[PDB]
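Given next are two forms of a protein chain, the same chain in both, each as structure tokens and marked structure 1 or structure 2.
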Structure 1
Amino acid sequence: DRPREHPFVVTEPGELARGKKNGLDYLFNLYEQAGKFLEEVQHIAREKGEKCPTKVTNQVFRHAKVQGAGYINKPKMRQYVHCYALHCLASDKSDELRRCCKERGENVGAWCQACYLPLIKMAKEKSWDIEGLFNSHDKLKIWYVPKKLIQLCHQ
């Protein structure tokens, strides 16, 4: 029971998946879901007067799992947060990057390495990486900055 899911594959905005595979608009939505689990946990925290998370803790993951959403797991969500960042911040540029990678016949893996360079430049436009994630956008607030992003960002 509770089986594995089929791989992601690069899509244009709006585009739907090719059967036994998933699109990137799905991927983004997943994060939004995670959000709605953190919402649920936070409520379960006030009641029972426990400490209120503010971010995605392993708890939340555990929680999604038990309500049957294992598809929201820790390593995946980290694997692709750099991209969720891109989508949230400059959906414009995410969208274009998706097209480019689409018509160049890229796999999802390349996309990941690709999505880095814009973010870097966006940081150059600003300064503090954390700032961006740091409650800059209500959606990106709940997620931790990845380590790699931080070090490389300013180099």
Structure 2
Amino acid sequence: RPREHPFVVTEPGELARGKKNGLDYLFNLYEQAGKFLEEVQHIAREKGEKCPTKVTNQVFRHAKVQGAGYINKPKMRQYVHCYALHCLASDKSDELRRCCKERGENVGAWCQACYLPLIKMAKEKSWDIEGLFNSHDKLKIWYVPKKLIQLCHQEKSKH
């Protein structure tokens, strides 16, 4: 498998141009990973093995073997909060992307910018970020990062 093109900040309907991938692509990867999970579940059930509820190393292995190693653990864990903000607050995810673009910032920056509206979101639902993940059917299958929980708790602690 060839090393994949770097991501760049994008708008909801906007294409990436050069040797670069867009954010809508990024989000699609999570959809694909969900489908691969579903496959792995069906296979496991037919073999009579344990059936995973989350996107595990097993599911990554499956995706890779199906020729999609670009869906790998490091990357997926890296941009989860972004994906979460997209699933939970479409409008906000979008308008933020717009802004980050207008200012001309990198993915690394956009990442950080995604944390804060998510923390706001958690605070509005009794600080229960883990609850938010378990509520949305497309987030249910992703482990909630330590860092997000921490940052929610620190906003609880300071404000």
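We call the rigid core whatever largest set of C-alpha positions still superposes within 1.5 Å between the two forms. Please note that residue numbering is based on structure 1, beginning with 1 at the start of its sequence.
Trainee: For residue 144, does the CA position differ by 2 Å or more between the two structures when the superposition is done on the rigid core?
Mentor: No, shifts by less than 2 Å.
Trainee: Align both forms on the core first, then report whether residue 130 has a C-alpha shift of 2 Å or more between the two structures.
Mentor: Residue 130: C-alpha displaced by 2 Å or more between the two structures.
Trainee: Once the rigid core is matched, what's the CA displacement of residue 101 between the two structures in angstrom?
Mentor: Here residue 101 registers a C-alpha shift of 0.1 Å.
Trainee: Could you check how much the CA of residue 48 shifts between the two structures after a rigid core fit, in angstrom?
Mentor: Displacement of the alpha carbon, after core fit: 1.1 Å.
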